[PDB]
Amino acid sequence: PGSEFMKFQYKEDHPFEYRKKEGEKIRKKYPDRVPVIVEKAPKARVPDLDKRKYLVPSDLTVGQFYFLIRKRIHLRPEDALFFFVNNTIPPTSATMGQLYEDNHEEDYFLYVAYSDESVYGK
C-alpha cells in the first residue's frame, strides 16, 4: 500500500553503461526525437507491446503518444489504460520532449509504464 519502485526489464537486461551509450547516440543522431522505454506495470493483465524501445518525435503530445500506444497494444475497447512516468500520470498536453527533459534517467532514456490501474503496481 503506497508507492512501489518501477522495475524495467530494459534496465535488468542491459548494464547502465550500455544504456547510456545508446541514449546518447540516439540524442546525437536524432535531435528531434527522444528515446523511450515502454513496459507493463505489475499486476496488470495486459499484453506486452511487440517492442519496448521507441524513438518518439519531441513535439508529439503525451495525449497523442497514448493514442498510438493504446492502438499498438492488443486491448479491447472496454479495457482501461494509464501511463506512469516516475510513479505519476503525465499531463496529456505535455510534449514528449518536455516529459523527457524533466523525467529521463541518467542513461538519457525516458521510462514509461502502463497499467489498467490508476496507481503504478496496484
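In case it trips you up, residue 1 is the first one in the sequence shown, and so on.
**Q** Mind pulling up the entry and telling me whether 3-11 or 112-120 has the higher mean Cα temperature factor?
**A** Higher mean C-alpha B-factor: 3-11.
**Q** Name the higher of the two by mean Cα B-factor in the PDB entry, 53-61 versus 32-40.
**A** Mean C-alpha B-factor is greater for 53-61.
**Q** Which of these has the highest Cα B-factor in the record: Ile89, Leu81, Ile73, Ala94?
**A** Across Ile89, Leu81, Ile73, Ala94, the entry lists the biggest C-alpha B-factor for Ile73.
**Q** Looking at the C-alpha B-factor of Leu68, is it in the lowest, middle or highest third of its chain?
**A** Middle third - that is where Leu68 ends up once the chain's C-alpha B-factors are sorted.
**Q** What third of the chain, by the recorded C-alpha B-factor, contains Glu22?
**A** Highest third of the chain for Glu22's C-alpha B-factor.
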